[PDB]
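Enquirer: There's a structure below that I have some questions on.
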Amino acid sequence: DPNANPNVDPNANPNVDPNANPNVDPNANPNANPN
Amino acid sequence: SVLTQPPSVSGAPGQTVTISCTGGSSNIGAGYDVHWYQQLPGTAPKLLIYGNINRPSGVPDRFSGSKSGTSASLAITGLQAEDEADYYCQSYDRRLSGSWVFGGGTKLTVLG
Amino acid sequence: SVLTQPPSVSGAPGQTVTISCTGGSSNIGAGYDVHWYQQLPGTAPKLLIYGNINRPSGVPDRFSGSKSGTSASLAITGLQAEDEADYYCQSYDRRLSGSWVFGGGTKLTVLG
Amino acid sequence: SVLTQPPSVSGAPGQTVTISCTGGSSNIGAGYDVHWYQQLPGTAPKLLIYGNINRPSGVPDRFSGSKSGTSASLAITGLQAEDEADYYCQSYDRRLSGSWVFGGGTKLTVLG
Amino acid sequence: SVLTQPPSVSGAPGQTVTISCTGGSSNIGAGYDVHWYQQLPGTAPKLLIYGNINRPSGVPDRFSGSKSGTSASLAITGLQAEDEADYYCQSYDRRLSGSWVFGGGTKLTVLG
Amino acid sequence: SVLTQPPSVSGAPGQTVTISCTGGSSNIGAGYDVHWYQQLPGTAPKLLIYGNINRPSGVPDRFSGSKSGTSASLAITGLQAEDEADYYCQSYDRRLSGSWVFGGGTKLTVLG
Amino acid sequence: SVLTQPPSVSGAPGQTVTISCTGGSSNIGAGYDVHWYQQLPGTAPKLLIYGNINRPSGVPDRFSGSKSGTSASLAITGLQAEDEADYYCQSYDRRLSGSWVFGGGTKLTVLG
Amino acid sequence: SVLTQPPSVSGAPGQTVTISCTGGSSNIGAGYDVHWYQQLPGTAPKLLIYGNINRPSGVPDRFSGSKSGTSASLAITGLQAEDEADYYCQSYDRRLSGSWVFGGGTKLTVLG
Amino acid sequence: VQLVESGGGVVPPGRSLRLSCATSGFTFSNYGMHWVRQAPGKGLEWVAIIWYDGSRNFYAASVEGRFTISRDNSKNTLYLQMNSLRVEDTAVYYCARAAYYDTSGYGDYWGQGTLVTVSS
Amino acid sequence: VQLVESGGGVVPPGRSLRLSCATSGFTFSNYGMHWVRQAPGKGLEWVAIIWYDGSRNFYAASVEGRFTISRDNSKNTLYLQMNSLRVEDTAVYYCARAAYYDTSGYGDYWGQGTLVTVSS
Amino acid sequence: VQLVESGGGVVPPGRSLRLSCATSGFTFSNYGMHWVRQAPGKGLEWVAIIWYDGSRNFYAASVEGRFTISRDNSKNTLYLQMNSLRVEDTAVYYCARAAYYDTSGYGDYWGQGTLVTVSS
Amino acid sequence: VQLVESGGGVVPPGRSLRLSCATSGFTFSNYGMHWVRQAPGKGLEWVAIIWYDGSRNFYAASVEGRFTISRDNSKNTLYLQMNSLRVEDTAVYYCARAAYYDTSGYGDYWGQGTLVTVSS
Amino acid sequence: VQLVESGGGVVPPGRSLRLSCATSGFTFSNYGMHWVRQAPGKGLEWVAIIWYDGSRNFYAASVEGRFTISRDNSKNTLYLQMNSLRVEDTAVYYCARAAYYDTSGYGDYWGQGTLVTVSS
Amino acid sequence: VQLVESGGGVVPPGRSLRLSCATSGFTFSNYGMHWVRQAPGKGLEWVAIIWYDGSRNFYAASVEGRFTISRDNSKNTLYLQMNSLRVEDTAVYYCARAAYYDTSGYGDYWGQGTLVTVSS
């Protein structure tokens with residue numbers, strides 16, 4: 001939408017978020033990193 | 001008590017009884033998944049239903065879930081005397097700082 | 001001062017007094033939740049009402065409120081001498097960058 | 001030119017002159033807020049009017065706006081020599097891939 | 001069988017056949033890349049195609065595929081007798097603790 | 001060939017010629033710094049640009065570059081006959097096991 | 001003194017009292033093991049606790065302890081008149097040249 | 001120069017003046033600790049501030065400082081004529097091979 | 001999955017108490033953990049959560065600042081340290097293994113709990 | 001949730017001053033923070049917000065570019081750096097802990113405030 | 001808010017030229033930016049907008065495909081990349097900070113612009 | 001690349017069996033490894049993963065707490081220790097080399113596998 | 001910085017050949033090294049890397065298991081052992097000094113290279 | 001703590017010069033050392049370091065390969081040998097004792113330096 005309202009919005013809940021998977025995520029490159 | 005539950009439910013063996021949980025826009029109609037636990041008088045609560053309709057392989061097909069709007073529900077069919085227990089809903093209320101919220105808890109009495 | 005408040009309100013203890021808070025389509029009629037704070041002469045403002053009707057457990061039930069359209073208010077029933085204070089409403093203005101916006105404040109004098 | 005504007009407006013110092021801007025169902029009657037800019041001859045077209053009637057503290061209290069349906073307007077009272085400028089209205093064309101549209105621009109000549 | 005696959009497909013040499021996988025919002029519609037494996041009757045699975053579209057080294061351009069929504073697909077053109085095989089999808093399912101999930105597996109029969 | 005470069009560019013002495021380098025979400029858009037090297041017809045290549053915009057003290061201000069999205073570029077201003085060379089870009093592709101990836105390389109011809 | 005200890009603790013015989021020891025990322029949160037010493041009014045300090053939880057055979061089980069984050073603590077149960085003593089914590093501080101660092105010591109007074 | 005310092009700062013005896021040191025993502029905002037040195041007109045530098053806020057026992061409390069984001073600052077309060085000196089900041093730039101990097105120094109003149 | 005709890009008992013008001021949930025049958029370090037409590041005659045109250053690596057901790061508002069949650073991955077053990085216990089803190093405390101589904105989470109294994117009583 | 005303002009005093013106009021708030025009894029790192037101010041004789045003016053991890057900084061238009069907000073989670077401390085203080089910036093500055101309800105937010109806990117006077 | 005513009009000058013047609021707008025007095029990363037242009041003798045033509053994080057890139061059809069808008073939040077700078085410039089692209093280019101009231105966008109502050117001349 | 005399994009055979013339920021996979025043609029220590037299994041009439045089941053440096057391990061829920069995965073870099077060998085074998089553990093076990101693409105991973109090289117029968 | 005390739009020549013396919021680089025002008029032991037190659041008429045292909053202390057090695061997939069990289073810090077020498085040379089391995093091989101910028105690395109002081117030809 | 005320097009003077013370019021720093025008041029063998037230099041009218045440039053036991057040396061890029069740093073623990077002496085001095089190497093050289101704080105290091109004690117001039 002070319003006429004959406006821009007910029008960064010205030011009015012949010014900036015108090016971390018206690019609703020997320022607290023477990024280890026088994027989905028990452030398991031290989032050594034050559035970089 | 002975040003989720004509203006009746007304090008009691010009952011029926012004779014062989015009957016179908018239901019336990020409902022009612023929340024609001026902060027915790028059921030919010031799109032948050034609803035879970036159920038069953039507690040027997042002498043132990044820790046056991047997971048009965050997860051993901052609104054899914055259940056552990058340790059749960060017989062007597063139990064099923066449902067979800068619509070701000071309402072959620074547990075149905076028990078083929079009620080047995082051994083199903084006497086305290087049933088609880090669990091969800092997440094976006095207005096609260098914790099991870100889990102629970103309902104009041106409903107006590108199911110089987111009229112044996 | 002984007003939320004209009006009367007500069008003054010008063011009444012005898014035992015009476016009911018109210019403090020209005022009037023905004024525009026940008027800060028009350030905008031769907032934002034109205035909050036109320038009480039400031040005593042020698043300290044910081046403290047929360048009375050949040051979410052238009054809810055309140056901290058430290059607030060006696062004398063204080064309540066509501067909103068409709070661009071109007072909102074705080075009512076004090078059973079007014080006590082101890083309720084003399086500066087009352088402020090608070091919201092968020094759609095057109096502004098600040099997280100919070102305030103009303104102009106109202107001074108409540110208890111006539112007794 | 002997207003928004004219709006007359007090519008010229010004029011008057012003597014001290015007089016009130018007005019600048020018109022007219023659109024359609026795609027850009028004024030459309031519900032898009034119509035703003036005005038003042039292109040003083042040696043600079044950028046700074047914002048003059050916003051919110052159809054309001055203005056920046058960087059604008060003399062000579063200027064005000066108006067809007068009804070497809071008819072947008074700018075009034076200049078107490079006209080000064082320093083108000084010579086190309087005035088533009090601005091809105092958003094419902095069929096525009098970009099974000100802003102301007103009118104043709106009206107040239108204000110001060111007769112003195 | 002996290003991903004659903006038909007148990008069997010077939011066609012005559014020279015024909016085009018497809019094998020497909022249907023997932024859901026936790027795995028394919030969730031954006032996890034789909035990979036396919038081929039197993040011949042007396043061997044270990046071999047990577048056939050990966051990253052939804054890439055053929056490794058020795059896989060001939062007979063095989064190609066795609067990913068769309070919760071669907072994924074393997075197309076085989078110019079079906080040959082040597083293509084009789086078992087084909088499988090592989091992906092990641094957010095609701096499970098394991099790194100990989102597989103579909104049930106589809107057997108392709110060439111109608112020689 | 002991981003990064004795409006045009007095979008050939010040219011221009012007359014004194015003109016400005018640019019050489020593009022295009023990657024993707026795996027190696028430029030990804031956030032990896034882009035580097036450039038220059039190989040004269042009968043020598044070993046040497047670092048021309050590093051860190052997208054910096055350059056060794058041995059490089060005249062004729063050369064500069066940029067990084068934007070998945071695009072990268074080397075610009076040569078004040079083109080001289082002595083600038084004929086093969087130019088190469090370098091980055092790191094997350095999908096590959098190596099440390100460096102190169103583009104195809106571009107030959108710059110000066111139209112003397 | 002880099003480890004923080006209260007200057008004094010007390011309690012009646014039969015009570016449980018604890019003596020804290022708080023550091024930073026340089027000496028407790030750091031991963032360095034915490035040790036405790038007991039000093040009686042006219043003697044040399046004696047090792048009370050080592051390795052955060054272990055103790056020499058000359059120490060009655062009255063004393064135990066723990067380490068968590070930058071906090072560490074000595075717990076004394078079954079407080080006796082004979083436990084009046086100074087207690088000191090000890091660790092290693094990665095920002096300093098010395099092998100050992102201490103808190104300022106806490107005097108435990110038993111309220112006989 | 002790696003870290004940016006203004007070349008000059010001044011003020012009257014008794015005033016407070018500050019000296020900035022601005023780096024970037026490679027050397028201050030990178031989590032590296034910033035240090036400051038004082039050089040008197042005809043001698044070797046002296047450590048003034050270390051660890052961003054700490055100072056040697058040989059430094060009067062006139063000097064203090066802190067670091068935020070990529071900008072570090074040395075505050076000099078109660079400026080005396082004897083505080084006229086060259087001040088330098090120091091950190092570590094992860095992109096360079098050297099252990100230490102310096103800013104260009106700031107010359108503080110006391111307006112006696 | 002086997003969760004074992006110990007550490008309850010009776011303390012005078014104002015005293016501290018430390019609870020410990022010993023675990024086995026699964027990889028401890030790959031999961032976060034929860035504590036809930038059930039006062040006699042009451043339903044369930046969520047108390048605290050800790051992230052598999054200790055990077056995040058959350059507490060019920062009713063206990064924040066009074067209770068601390070921690071892990072010892074090396075000994076497969078979950079701890080809850082309560083300071084200044086109040087009468088209102090009397091409850092059976094239970095540990096649980098964290099699990100998560102999609103938009104919200106859940107526990108799927110529970111210890112048997114231990115009883116903490118705060119009393120004169 | 002104890003918040004403690006510190007750092008007020010008298011500032012010759014044109015000079016800077018740094019304010020800060022120390023906190024305790026809750027996990028500082030889990031919450032965002034706010035500053036508001038009240039000039040004597042005036043109502044409340046919102047000044048600035050910082051998110052729990054510093055990812056966002058918003059300022060009242062009246063102070064943006066003059067005031068800076070920052071945090072140090074390891075010290076449980078919130079800072080406000082005010083440069084080029086104007087006479088108009090005289091106010092009691094307060095800290096509050098960020099909170100949020102539904103469509104709008106609010107502060108729940110407040111400190112006591114500290115006064116900055118800008119005057120010659 | 002302060003916007004500073006440069007990079008204009010005369011360039012042969014078919015060649016590239018790029019402009020920049022340096023900004024200060026506000027947080028660059030909290031606002032989107034616009035480029036607009038005014039050909040000599042003409043009114044003002046809108047050219048392009050980029051959002052604060054690069055998430056939106058809109059162009060007038062008259063410039064799309066030749067003009068690219070970009071920004072670098074670490075440099076507080078807005079850029080305009082113009083390729084294959086036409087004589088018709090001669091204009092004073094101006095940057096402006098993105099703003100909106102309720103239903104439409106606007107510039108709430110303007111830079112002074114710079115002139116790009118495209119000519120044989 | 002050659003991946004070669006060893007150690008299958010027939011074991012009464014309750015007993016253990018140890019599998020291994022020897023590898024060559026590549027640097028063993030730079031890659032993670034996977035074990036999968038195929039029951040004799042079924043499709044493929046993921047069993048376990050080990051992180052190239054041994055720091056992480058994950059197991060299928062069907063085997064967690066019963067199976068252990070490990071590496072010995074000096075022998076270029078991957079091991080799988082299965083305790084308390086159940087009848088349902090009968091399968092051909094295969095080793096495979098970990099690979100990763102973008103949002104998900106995959107195996108590229110596969111071994112031949114070995115058969116483990118759990119019975120009588 | 002002096003980097004000198006040596007040991008090239010022509011071999012029948014299937015043969016081995018060892019390349020090495022002598023160096024001075026800098027402390028060899030403090031830097032990692034790279035090998036790259038350029039087949040005649042082609043662009044550049046990365047071949048291998050060795051860490052400053054020899055602890056890690058990575059290879060282009062096209063050569064892994066066929067090529068070995070090593071070094072001797074006491075002789076200021078970098079080595080590459082090529083086994084089972086294929087026709088496809090014909091190229092000029094170069095030694096380069098590792099450098100690293102931020103999110104990616106680069107080389108900055110290469111040698112002249114030496115030619116290895118594989119042919120029957 | 002004393003750091004005493006000697007060895008400055010003037011040489012024509014191309015020639016070598018050796019500097020040394022004698023120390024006392026502390027155990028030389030327990031600390032690493034640094035050299036920095038200050039050209040007249042200029043700020044400070046880091047030149048070189050050398051761990052305590054001589055195991056590691058690092059040099060500024062501007063001097064590596066031209067300067068050598070070494071030490072003799074039995075004489076409490078630090079040496080710097082400069083070869084092929086350039087005009088650009090004119091500066092006051094200073095020794096300093098290495099110290100380290102947390103994420104970066106610093107010098108604490110400094111000698112008074114000596115002047116090395118390189119000139120036709």
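Following the order of the structure tokens, first chain is A, next is B, and so on, with residues numbered from 1 inside each chain and ligands from 1 in the order they appear.
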Would you kindly return, as number ranges by chain, each protein, DNA or RNA residue with an atom no farther than 12 Å from any atom of residue 97 in chain D, considering only C-alpha atoms and excluding same-chain residues fewer than 5 positions away?
Expert: A: 1-4; D: 92; K: 46-49, 56-64
Enquirer: Least-squares superposition of chain N on chain L, all Cα atoms, in-order pairing: what RMSD comes out, in Å?
Expert: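 Across all paired C-alpha atoms, the RMSD is 0.2 Å.
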Enquirer: How far is it from CA of residue 48 in chain B to CA of residue 5 in chain E, in Å with one decimal?
Expert: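 Result for CA of residue 48 in chain B versus CA of residue 5 in chain E: 29.5 Å, one decimal.
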Enquirer: Fewer than 6 positions away in the same chain doesn't count, so skip those; otherwise give me all residues within 7 Å of residue 32 in chain E, counting only C-alpha atoms, as a compact mmCIF listing (two decimals) with N, CA, C and O atoms, in the first residue's frame.
Expert:
# COMPACT_ATOMS: atom_id res chain seq x y z
N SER E 91 11.47 -32.63 5.66
CA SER E 91 11.41 -31.24 6.11
C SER E 91 11.53 -31.11 7.63
O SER E 91 11.92 -32.04 8.32
N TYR E 92 11.23 -29.93 8.14
CA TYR E 92 11.27 -29.66 9.57
C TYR E 92 9.89 -29.27 10.05
O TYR E 92 9.22 -28.47 9.42
N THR L 103 16.58 -22.91 5.45
CA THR L 103 15.68 -22.91 6.58
C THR L 103 15.57 -24.28 7.22
O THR L 103 15.10 -24.39 8.35
N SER L 104 16.07 -25.30 6.54
CA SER L 104 16.03 -26.67 7.00
C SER L 104 17.27 -27.38 6.52
O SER L 104 18.00 -26.88 5.65
Enquirer: For residue 107 in chain L, list every protein, DNA or RNA residue within 9 Å, evaluated using only C-alpha atoms, and leave out those in the same chain fewer than 3 positions away; present the list as a PyMOL selection string.
Expert: (chain E and resi 46-47) or (chain L and resi 33-34+96-100+110)
Enquirer: Please, which residues of chain G lie no more than 9 Å from chain I when the count uses only C-alpha atoms, and can they be set out as a VMD selection string?
Expert: chain G and resid 16 68 to 69
Enquirer: Could those residues be written to a file, using N, CA, C and O atoms, as a JSON list (two decimals), in the first residue's frame?
Expert:
[["chain", "number", "residue", "atom", "x", "y", "z"],
["G", 16, "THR", "N", 18.21, -20.68, 62.32],
["G", 16, "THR", "CA", 18.96, -20.80, 61.09],
["G", 16, "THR", "C", 19.28, -19.42, 60.59],
["G", 16, "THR", "O", 18.39, -18.56, 60.49],
["G", 68, "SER", "N", 25.14, -19.30, 43.07],
["G", 68, "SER", "CA", 24.19, -19.07, 42.00],
["G", 68, "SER", "C", 24.37, -17.69, 41.38],
["G", 68, "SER", "O", 24.17, -16.67, 42.03],
["G", 69, "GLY", "N", 24.69, -17.64, 40.10],
["G", 69, "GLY", "CA", 24.96, -16.35, 39.48],
["G", 69, "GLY", "C", 26.15, -15.74, 40.19],
["G", 69, "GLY", "O", 27.18, -16.39, 40.31]]
Enquirer: Counting only C-alpha atoms, a student should be able to say which residues of chain A come within 8 Å of chain L; what is the right answer, written as a count of residues only?
Expert: 7
Enquirer: For a quick test of understanding: name the residues of chain D lying within 9 Å of chain A when counting only C-alpha atoms, and present them as a ChimeraX atom specification.
Expert: /D:92-94,96-100
Enquirer: Restricted to N, CA, C and O atoms, what would the selected residues look like written as a CSV table (one decimal), in the first residue's frame?
Expert:
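Saved as again11.csv:
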chain,number,residue,atom,x,y,z
D,92,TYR,N,-3.3,12.0,-1.9
D,92,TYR,CA,-2.9,10.7,-2.5
D,92,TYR,C,-3.9,10.2,-3.4
D,92,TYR,O,-5.1,10.1,-3.2
D,93,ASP,N,-3.4,9.9,-4.6
D,93,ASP,CA,-4.2,9.4,-5.7
D,93,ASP,C,-4.4,7.9,-5.5
D,93,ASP,O,-3.4,7.1,-5.6
D,94,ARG,N,-5.6,7.4,-5.4
D,94,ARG,CA,-6.0,6.1,-5.1
D,94,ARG,C,-5.3,5.1,-6.2
D,94,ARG,O,-5.2,3.9,-5.9
D,96,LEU,N,-2.3,5.7,-7.7
D,96,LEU,CA,-0.9,6.0,-7.7
D,96,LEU,C,0.0,4.9,-7.0
D,96,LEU,O,-0.3,4.5,-5.8
D,97,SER,N,1.1,4.4,-7.7
D,97,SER,CA,2.0,3.5,-7.2
D,97,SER,C,3.0,4.1,-6.2
D,97,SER,O,3.7,3.4,-5.4
D,98,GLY,N,3.1,5.4,-6.3
D,98,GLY,CA,3.9,6.2,-5.4
D,98,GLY,C,3.1,6.6,-4.2
D,98,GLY,O,2.0,6.2,-4.0
D,99,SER,N,3.6,7.6,-3.3
D,99,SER,CA,2.9,8.0,-2.1
D,99,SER,C,2.2,9.3,-2.1
D,99,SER,O,1.3,9.5,-1.3
D,100,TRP,N,2.7,10.3,-2.9
D,100,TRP,CA,2.1,11.6,-2.8
D,100,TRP,C,1.7,12.1,-4.2
D,100,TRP,O,2.4,11.8,-5.2
Enquirer: Env of residue 44 in chain C: 9 Å cut, atoms = only C-alpha atoms, seq-sep filter 6 positions within chain, self excluded. Answer as a PyMOL selection string.
Expert: (chain C and resi 38) or (chain J and resi 94+110-113)
Enquirer: What residues in chain I lie within 9 Å of chain L, counting only C-alpha atoms, written as a ChimeraX atom specification?
Expert: /I:1,24-27,30
